[PDB]
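First, one chain by itself: the form solved without the partner chain, in structure tokens.
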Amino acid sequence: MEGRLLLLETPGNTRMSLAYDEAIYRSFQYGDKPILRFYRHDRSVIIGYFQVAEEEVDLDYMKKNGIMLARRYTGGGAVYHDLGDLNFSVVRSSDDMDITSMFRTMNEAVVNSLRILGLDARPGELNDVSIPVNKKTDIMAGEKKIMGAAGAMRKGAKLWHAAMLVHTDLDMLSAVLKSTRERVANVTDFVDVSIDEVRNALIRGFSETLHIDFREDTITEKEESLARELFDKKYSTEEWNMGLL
């Protein structure tokens, strides 16, 4: 019931930030304390494991706008991130490989968190990794998407991470990702709250819903070392971020 709250970031370096996520996930052993990490990325596009940068984005556009390209460990589509997005990941012990159940539980936690702030949200309804919005992995505010998520599972553990639009440049978001703009929204379009307020609400929602007492802690030397190794050998390389490795 005791958990770890990691306010671990690497703003400026999205590839390293993603390395941290895989690091805490891979280093995790069944029975360890659950982990909830909050972080943010500066202007960048993150593509899913099974995607190739040149099919989903305009490398020319992003290069001209100084938008970092990064590829994550988890599957799913491409998303745009900026400092207006609040990202968070959860790592816990797992007894099965039920993907649908993991997303359903996390979304329940998210809905409860947003309810605290007076924002009524709900999970998307379709099982189609290819569509932009309304997926069961998305969180909607009416007909607008305000949060997306992805995950991975292995024997003994599971990773779930999301990116919620708090005050992100929705235009830029639509323009970098190859109507659409009319299908997404920021939490601040509904409630005037800061990133920390959203963070604290999520801490409460997850703690209450999962029944975990997430207490502020720090990354271990073991996890940090693994993250640096993953960055050095993979996340920092071009073959990886392009989808060739």
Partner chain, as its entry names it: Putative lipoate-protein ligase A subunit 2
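Only residues modelled in both forms are compared. Positions refer to the first chain, counted from 1. Superpose the two forms; the largest set of C-alphas matching within 1.5 Å is the rigid core.
Just so it is clear, the following notes concern the form deposited with the partner chain bound, a form of the same protein that is not shown.
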Is residue 76 close enough to the partner chain in the deposited complex to count, meaning some heavy atom within 4.5 Å? yes
Would you please decide whether residue 216 lies within 4.5 angstroms of the partner chain in the deposited complex, comparing each non-hydrogen atom pair? no
Evaluate residue 44 for contact with the partner chain in the deposited complex, applying a 4.5 angstroms cut-off between non-hydrogen atoms, and reply yes or no. no
Hey, in the deposited complex, does residue 182 get a heavy atom within 4.5 angstroms of the partner chain? no
Taking 38, 114 and 203 as a possible spot, do all three reach the partner chain in the deposited complex with a heavy atom inside 4.5 Å? no
In the deposited complex, which of the stretches 119 to 127, 79 to 87, 167 to 175, 104 to 112 has residues with heavy atoms within 4.5 Å of the partner chain? 119 to 127
Using a 4.5 Å heavy atom cut-off, which residue among 197, 208, 32, 56 comes into contact with the partner chain in the deposited complex? 56
Can you spot, among 153, 117, 111, 126, the one with a CA shift of 2 Å or more between this form and the one not shown after core superposition? 126
Given a rigid core superposition, which stretches of at least 3 residues have all Cα atoms displaced by 2 Å or more between this form and the one not shown? 124 to 133
